[PDB]
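Taking the form solved without orotic acid (ORO), here's one chain by itself in C-alpha cells.
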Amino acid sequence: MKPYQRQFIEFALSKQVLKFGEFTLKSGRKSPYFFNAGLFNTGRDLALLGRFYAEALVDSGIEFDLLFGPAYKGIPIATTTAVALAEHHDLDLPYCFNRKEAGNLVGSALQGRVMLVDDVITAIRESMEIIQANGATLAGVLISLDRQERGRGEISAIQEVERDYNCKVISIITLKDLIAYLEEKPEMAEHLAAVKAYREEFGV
C-alpha cells in the first residue's frame, strides 16, 4: 500500500477509531471490525486527518475545483483537508458546506467540479441534491474507508452512490488494505482469519 494508507491504519488503530473484535453493524450484521471516525476529536487528530484526505486526493489524480463538506461531519473534514492541500501540496482550493436549513451554503460559490469529502458511506443524498440544484458537477466523493461489502442488496452502498449520482467514490483505505496490513502482524492471525471469513460471505 502507499505510505499514507499504512499511516492512516496505524493512526486509526492508535486512537481506537479502527477496532478488531466482534461487533454488530447498523444493519445487524456480525462484523469482525469496526470503524468510527468520531474519536478523531482533537486538534492534532484533525491536522493529521486533513493530511491523509489531502494525500488521497492528490494520489487519485481527479481534477476538481471546489471541496464540499456535508453537514455536519463533513464540515471539519473539508476544512482540514482544504488547509492540508494549501499547506502541504501548494493547492489553494475554494471550499463550501451546507446548512440543513436557511442561503443554505457557507463558503465559496458552489460552482464547477465538486469533490465531496465525508467520513464514511454506510448527509450525502442531501448534499448531492444541493450540488445538482446549484448546477455544479460531481468530480467525486472521498471517504475514509471502503468496506467493500454488500449493502442491503447485492452491490455495495458505495456502488449505489456511484450509480445514483454518476460519480466516482474514492477512499483513503479499503478492506483489501486492512487485510494486507493484518498479514504482517502475527499476533493478529485470529482477526485476519475472521476478516477473511467475513469477506467470503459479504464481500463484493
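Numbering starts at 1 and runs along the sequence shown.
Omitted from view is the form solved in complex with orotic acid (ORO), to which the following refers.
Exactly one of the stretches 165-173, 25-33, 133-141, 45-53 approaches orotic acid (ORO) in the deposited complex with heavy atoms within 4.5 Å, and it is 25-33. Taking a 4.5 Å heavy atom cutoff to orotic acid (ORO) in the deposited complex, the contact residue among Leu110, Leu85, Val120, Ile124 is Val120.
Residues of 133-157 that come within 4.5 Å of orotic acid (ORO) in the deposited complex, judged by any heavy atom, reduce to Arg147 alone.
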